[PDB]
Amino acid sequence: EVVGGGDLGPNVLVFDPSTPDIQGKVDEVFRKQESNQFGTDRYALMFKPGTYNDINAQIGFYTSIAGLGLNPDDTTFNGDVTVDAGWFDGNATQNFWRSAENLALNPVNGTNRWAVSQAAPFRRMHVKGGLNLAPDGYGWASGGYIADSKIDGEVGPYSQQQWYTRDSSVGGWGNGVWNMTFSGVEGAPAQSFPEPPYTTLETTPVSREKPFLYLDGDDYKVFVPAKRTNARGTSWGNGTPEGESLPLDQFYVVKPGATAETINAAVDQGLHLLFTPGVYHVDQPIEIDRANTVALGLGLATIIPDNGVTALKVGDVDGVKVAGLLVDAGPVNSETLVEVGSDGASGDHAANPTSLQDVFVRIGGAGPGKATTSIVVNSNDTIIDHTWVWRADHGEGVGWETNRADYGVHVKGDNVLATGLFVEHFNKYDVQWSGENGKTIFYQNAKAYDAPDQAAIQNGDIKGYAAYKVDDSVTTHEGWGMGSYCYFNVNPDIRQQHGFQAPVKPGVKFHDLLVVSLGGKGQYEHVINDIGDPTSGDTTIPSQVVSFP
């Protein structure tokens, strides 16, 4: 019954080099979105292949910008794609929920500025010059994620606390602050943690680039990159990238008003899903139980589960590619928000794994929201490549009970890989890992700010809940470049026993861990288990562990 293909709707702005007043049109979107942190507006800016002059595309909230060529250099800006922090007086720590992909930039002063914090991916980009990751003035910033990109010149983080870069090429790298992690990055600075705090891996164990919309002549298609094992450098540097092109008419083009029943029928009938920019309320889980289904969002397309249901369930199948979606909790508590596979799923998916990419979760902030566990990863071999799972610390509908969310991510499957894992503020364990042979490359956590007192976070005989917990029964696990920060501003007398908790076993290893008290608001007692120095002072100096056990 469901028809594939069709128009992308009014929230997808499509430009070509002859479009009149491109600058004016992009500036109009930016004026609307610049400080629109919790609004319901959503935009995707899409540029047809060609050359664009005299352009400074300033990117505000819920705005994605992208080229429509097969390769990044097919769509070239003589100009910039800019994120700065003017709206927040130079503070970039609320620069969320936006993206840039599949463009070449020739920045007007030789350096492009992408001064972002969480959920602001920078993918498949070619910067013909430098890349500045800091706001003008070098104020606060908490990014960040770069993948499959080539930066001809230097990447300069300056004040950025931490950063993850994978499968990329850089001309240089200026500095590190607390945790700069690299995997498969040509030109990455050599491993040197703690000083500078560089965690450097030669290759990424497995990666698969995010699917993207492009134009084949006048036909819209979605390119679906093939996976790489031991990846290094860009996927597109040497011409033809391997992968499949899916015609747009093989996608159900989701637009506001669609029901989960219609969406589920579309997948059942063999269509992929393309979520146009908008906010979608569902009264039952979106269910993806067909192998190789692509579920791709544009313009920070958002799914809100009503009536306490789960927003998204992926079945026990190979090859599902979920990308570019925000899942936003409803005020009625959901048991789970996102489930990948069923409870106890024990089949493998090694050759053709399911992946979540640029999948973001929010609980509270745009009104009250609640969920018990945000993402449960049951399926073996699943790849989590850039996620921000965030219990809101500011906005509307926020409070220790008002937007309670006990658990962020729970990984139960085996051989799960997380690259670029950002999880913050949950009332209990931000991340728990129960499956075997888990790997995490880069972790950023901040603990809940609003714990009212010590008793409220007592975890048996432990003060507080680990930001990252590996179950005692696990035999094999490995993490690289991982940090947990605390800011107990409701009760600064609080003590957090550790950032990390894990069994002491030969096969369970950690590299480059740190915990940080932000301005002395609470302190850590240790880094992992009861190992590592406590934090002290109010000077925000990290306490570090290079190797564990």
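Residue numbers here begin at 1 and follow the sequence given. For the two forms, the rigid core is made up of the largest set of C-alpha atoms that agree within 1.5 Å on superposition.
Enquirer: Taking C-alpha RMS after core alignment, which stretch differs more from the shown form in 7 other deposited structures of this protein: 106-114, or 234-242?
Expert: So, of the two stretches, the farther one in 7 other deposited structures of this protein is 234-242.
Enquirer: Would you mind comparing 18-26 and 527-535 for me and telling me which has the higher average C-alpha temperature factor in the entry?
Expert: Per the deposited B-factors, the answer is 18-26.
Enquirer: According to the deposited model, is the average Cα temperature factor higher in 146-154 or in 268-276?
Expert: According to the PDB entry, the answer is 268-276.
Enquirer: Whose C-alpha has the highest temperature factor in the PDB entry: 429, 198, 449, 163?
Expert: Among 429, 198, 449, 163, the highest C-alpha B-factor in the entry belongs to 449.
Enquirer: Can you tell me which of 385, 339, 335, 202 has the maximum CA B-factor listed in the PDB entry?
Expert: The listed residue with the largest C-alpha B-factor is 202.
Enquirer: Relative to the other modelled residues of the same chain, rank the CA B-factor of residue 101 and answer lowest, middle or highest third.
Expert: For residue 101, the deposited C-alpha B-factor lands in the lowest third.
Enquirer: Going by the CA temperature factor in the PDB record, which third of the chain does residue 506 belong to: lowest, middle or highest?
Expert: Within its chain, residue 506 is a highest-third residue by C-alpha B-factor, going by the deposited values.
Enquirer: What third of its chain's C-alpha B-factors does residue 38 belong to: lowest, middle or highest?
Expert: As the PDB entry reports it, the C-alpha B-factor of residue 38 lands in the highest third of its chain.
Enquirer: Where does the C-alpha B-factor of residue 519 rank in its chain, lowest, middle or highest third?
Expert: Within its chain, residue 519 is a middle-third residue by C-alpha B-factor, going by the deposited values.
Enquirer: C-alpha B factor of residue 32, ranked within the chain: lowest, middle or highest third?
Expert: Ranked within chain, residue 32 CA B lands in the highest tercile.
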